[PDB]
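**Q** Below is the structure, and that's it, no one-letter string:
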Ligand SMILES: [Mg+2]
Ligand SMILES: [Mn+2]
Ligand SMILES: [Zn+2]
Ligand SMILES: [Zn+2]
Ligand SMILES: [Zn+2]
């Protein structure tokens, strides 16, 4: 176990000051905060823990208020004595998910500096796919130590206690162990993170500096109009009713809009071909093939889609508005994706349909406050530009260089015809090839996206590789080093380990080869986006203009800018994004604005 003998519980100023003195001369120190809620903006700090050396850690309770809780240093007195140390950029701190801790302190007017090491990110940069990067998983992987779980001291279910309700000593065991373990994890991982300059570079200049900027974006939140979302909800109810009637009217009787049950009994029973369509799906959608002529499958297609969107965003979004700020605070995850891109939840901004009309209405609900406007800064087809650079292809490089539409430029080369005459179908064919290459799509998978026969798709890809030889080379070379060293890297050095590259399993090894071609372009896009965020945030902090960075979704950064400042600010965001990141890839940033996210998008 871990008893009350392990760590000290600081209940007096004199002892706290003794520790602050030791903390001041430590080379690095682990630090952690305890609160009464996972919600950063409204959580209250219940206590703090520190670790100066493996096995030497302490817990300082400041707001435990259960019946008869012992005297504790007051939250205000503890923070004023600790403030200088916390705000000192020279005092280096180590922590697990420091983004959270930085925010809690910000609730009390404290600016946490010296945010040097985050064990979550150390683990993530070492090997993004090694497993989960949370402390409990980390302590077990690297230290063969099983940590005290929050459930162990607080309980489970609705009757679960909040930190302020837990006994001082019990809270101490948990909090001081976090600090201690975090320091031990750093001592084991930091030395390893130096065996390679690639990962070390990404960790030091991309991931760590991004920690406080993610905190600031999350805490800023985004303005959502609940009325608009409600109208959209009422209207969708009516549209779902109408659509259901249109389905019944086309055939007979009533039925659910569920395939492999009520649909096959209608659809193919009235002429068609037996198999159904899985909601596997992004490759063989039987329902949308029939949709080009057959009416029923087209209405069932649209019905399901609207049903999904209503319960996911229309009904959910209004419930996420924080009472304290009046805004929605999404959760960004910095150590979850395999390629290094940021993910998002509650809400998952990336699942809002882009090329769909309803998704546009969801976006219209993201509004700018009075006298402000929503500004969108996007990296135009960054992955494609990255592939152009990685393949060193003069053809692609020149297309982007002279500002031509790469999809029409590619079609003009593949099909051999003037750029002005390329048709929509030809452009659509080249476009499917271009994005297919990024995901390492098979010549048959391209046929399923283009609806053309196999070997006809193969005919296009051979014509493509002949016109753009540099792309085949990159593809072959990347699969090469992937087998030679078990991993692939981005331009900045970020690595994706591929354990199934020599799998001996067929499909399992195919996946690893696709990931081999894909990761370098996706990871590089990710690195670029993170560098722009740090650069834009740095300008924001230094110059203090009337602008907030509110979102990050796909390849765009969304802001709130004062209406009278839009022009100067747009010039600035634009320069920072395509000139203060990587100077090797030919980058283009498209900046737009409006009353809501949809207008600026
Ligand atoms: Mg191309
Ligand atoms: Mn913590
Ligand atoms: Zn903790
Ligand atoms: Zn993208
Ligand atoms: Zn420019």
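**A** The structure has been received and is ready for your questions. Numbers count the residues shown, from 1 in each chain. Ligands and ions are numbered 1, 2, ... in the order given.
**Q** Would you mark the buried spots in the longest helix along the chain?
**A** Secondary structure assigned by DSSP state H gives helix 506-543 as the longest helix of the chain. Residues of helix 506-543 classed as buried: 509, 511-537, 539-540 (neighbour count, 16 or more other C-beta atoms under 10 Å). Where you see a C-beta, it was placed from the backbone N, CA and C, and this is true even at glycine.
**Q** Also stretch 582-589?
**A** 582, 585, 587, 589.
**Q** which of those lies closest to ligand 1?
**A** residue 585 (15.0 Å; C-beta to the ion).
**Q** Now do the closest one against ligand 3, distance only.
**A** 40 Å (C-beta to the ion, to the nearest Å).
**Q** is the longest helix of the chain anywhere near ligand 1?
**A** No. Looking at helix 506-543 against ligand 1 by C-beta under 5 Å from the ion, there are no contacts, and the closest approach is 12.2 Å.
**Q** any idea what sits nearest residue 493, other than its immediate chain neighbours?
**A** Using C-beta to C-beta, 6 or more residues apart in numbering and skipping the chain neighbours, the partner closest in space to residue 493 is residue 198 (2.7 Å).
**Q** Enumerate every residue touching the one you found.
**A** Applying C-beta atoms under 8 Å, 6 or more residues apart in numbering to residue 198 gives the contacts 489, 492, 493, 494, 495.
**Q** follow-up on the earlier one: can you list the strands that the following helix or strand past the longest helix of the chain pairs with?
**A** Sequence-wise, the next helix or strand downstream of helix 506-543 (DSSP states H and E) is strand 547-553. Strand pairing for strand 547-553, using DSSP bridges, gives strand 556-562 (antiparallel).
**Q** residues in contact with the strand it pairs with?
**A** So strand 556-562 is contacted by 222-223, 366, 368-369, 371-379, 529, 532-533, 536, 546-552, 569-570, 573, 577, 593, 597, 600-601 (C-beta under 8 Å, 6+ apart).
**Q** Which residue does the protein have closest to ligand 4?
**A** residue 555 (4.3 Å).
**Q** Dig out what the closest residue to that residue other than its chain neighbours forms beta bridges with.
**A** Of all residues not flanking residue 555 in the chain, residue 379 sits nearest, at 4.4 Å (C-beta to C-beta, 6+ apart). Applying DSSP bridges to residue 379 gives these bridge partners: residue 589.
**Q** Counting neighbours, which of the contacts of residue 198 comes out on top?
**A** Within the contacts of residue 198, residue 494 tops the neighbour count with 27 neighbours, counted by other C-beta atoms under 10 Å.
**Q** Buried residues in stretch 461-475, which are they?
**A** Under the neighbour-count criterion of 16+ other C-beta under 10 Å, stretch 461-475 has 461, 464, 465, 467, 468, 470, 471, 472, 474, 475 buried.
**Q** my guess is the fifth one meets residue 396, correct?
**A** Yes. Checked against C-beta atoms under 8 Å, the pair residue 468 and residue 396 is within contact range at 6.3 Å.
**Q** Contacts for stretch 88-100 next, please.
**A** Contacts for stretch 88-100 (C-beta under 8 Å, 6+ apart): 23-24, 27-33, 40, 85, 101, 112-120, 134-135, 138, 178, 182-183, 185-186, 211-212, 214-215, 218, 334.
**Q** Just the strands from this protein, written as ranges.
**A** Using DSSP state E, the strands of the chain run over 8-9, 29-35, 45-53, 56-61, 93-95, 115-118, 331-333, 343-345, 372-379, 487-489, 495-497, 547-553, 556-562, 589-594.
**Q** tell me what the last one is packed against?
**A** Right, strand 589-594. strand 372-379, helix 566-579, helix 597-600 (3 or more C-beta pairs under 8 Å, 6 or more residues apart in numbering; DSSP states H and E).
**Q** out of those, nearest to residue 18?
**A** helix 566-579 (45.5 Å; C-beta to C-beta).
**Q** near ligand 3, which residues of this protein?
**A** 32, 178.
**Q** what's the domain layout of the chain?
**A** Domains of the chain are assigned by curated CATH domains as 3-219, 220-331, 332-381+526-600, 382-525.
**Q** Name all residues that make contact with residue 183.
**A** Going by C-beta under 8 Å, 6+ apart, residue 183 touches 28, 29, 30, 51, 53, 54, 57, 94.
**Q** Break down the stretch 301-450 of the chain into its helices, ranges please.
**A** For the stretch 301-450 of the chain, helices defined by DSSP state H, counting those that start in this stretch occupy the ranges 357-364, 382-390, 394-401, 406-414, 424-438, 445-450.
**Q** so how far is the first one off the chain centroid?
**A** What it means is helix 357-364. Relative to the centre of its chain, helix 357-364 is centred 21 Å away, using C-alpha atoms, centre = their mean, to the nearest Å.
**Q** OK, contacts around whatever residue of the stretch 301-450 of the chain ends up closest to ligand 3?
**A** Nearest residue of the stretch 301-450 of the chain to ligand 3: residue 335, at 17.2 Å (C-beta to the ion). For residue 335, the contacting residues are 120, 121, 123, 124, 128, 133, by C-beta under 8 Å, 6+ apart.
**Q** what do you get for residue 124?
**A** Applying C-beta under 8 Å, 6+ apart, the residues near residue 124 are 133, 207, 334, 335.
**Q** Tell me how far it lies from residue 514.
**A** Distance, residue 124 to residue 514, by C-beta to C-beta, to the nearest Å: 22 Å.
**Q** Next: residue 522.
**A** For residue 522, the distance to residue 514 - C-beta to C-beta - is 11 Å.
**Q** Quick check: neighbours shared by the two?
**A** What both residue 522 and residue 514 touch, as defined by C-beta under 8 Å, 6+ apart, is an empty set.
**Q** Show residues contacting stretch 8-21.
**A** With C-beta under 8 Å, 6+ apart as the criterion, stretch 8-21 contacts 50, 52, 58-61, 70-73, 77-78, 81-82, 85, 168-169, 172, 176.
**Q** which ones are touching residue 284?
**A** 277, 278, 448.
**Q** Make CSV from the residues you listed and add neighbour count to it.
**A** Shown next, in CSV, are the contacts of residue 284 (neighbours: other C-beta atoms under 10 Å):
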residue, neighbour count
277, 21
278, 14
448, 16
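**Q** near ligand 1 too, which of these?
**A** Okay, of the contacts of residue 284, nothing touches ligand 1 (C-beta under 5 Å from the ion).
**Q** any idea which of these is closest to ligand 1?
**A** residue 448 (19.7 Å).
**Q** I'd say that closest one and residue 283 touch.
**A** Yes. At 4.8 Å, residue 448 counts as touching residue 283 under the criterion of C-beta under 8 Å.
**Q** Give the burial count for the residue of the chain at minimum distance from ligand 3, as a bare number.
**A** Nearest residue of the chain to ligand 3 (C-beta to the ion) works out as residue 178 at 3.6 Å. Look at residue 178: counted by other C-beta under 10 Å, it has 26 neighbours.
**Q** State the distance from the closest residue to residue 268 other than its chain neighbours to residue 453.
**A** Nearest non-adjacent residue to residue 268, counting by C-beta to C-beta, 6+ apart: residue 274, 5.3 Å away. Residue 274 sits at a distance of 21 Å from residue 453 (criterion: C-beta to C-beta).
**Q** what do you get for residue 142?
**A** Applying C-beta to C-beta to residue 142 and residue 453 gives a distance of 53 Å.
**Q** Could you check which of those two has the larger neighbour count?
**A** residue 142 (18 against 11).
**Q** these two touch, right, residue 431 and residue 407?
**A** Yes. Counting by C-beta under 8 Å, residue 431 does reach residue 407; the two are 4.3 Å apart.
**Q** So for the two, which sits in the more crowded spot?
**A** residue 407 (22 against 19).
**Q** re the thing from before, contacting residues for the residue of the chain closest to ligand 3?
**A** 32, 49, 96, 135, 147.
**Q** Find the residue closest to the fourth one in space, skipping its chain neighbours.
**A** It refers to residue 135. Leaving aside its sequence neighbours, residue 135 is closest to residue 96 (4.7 Å, by C-beta to C-beta, 6+ apart).
**Q** Brilliant, that's me finished.
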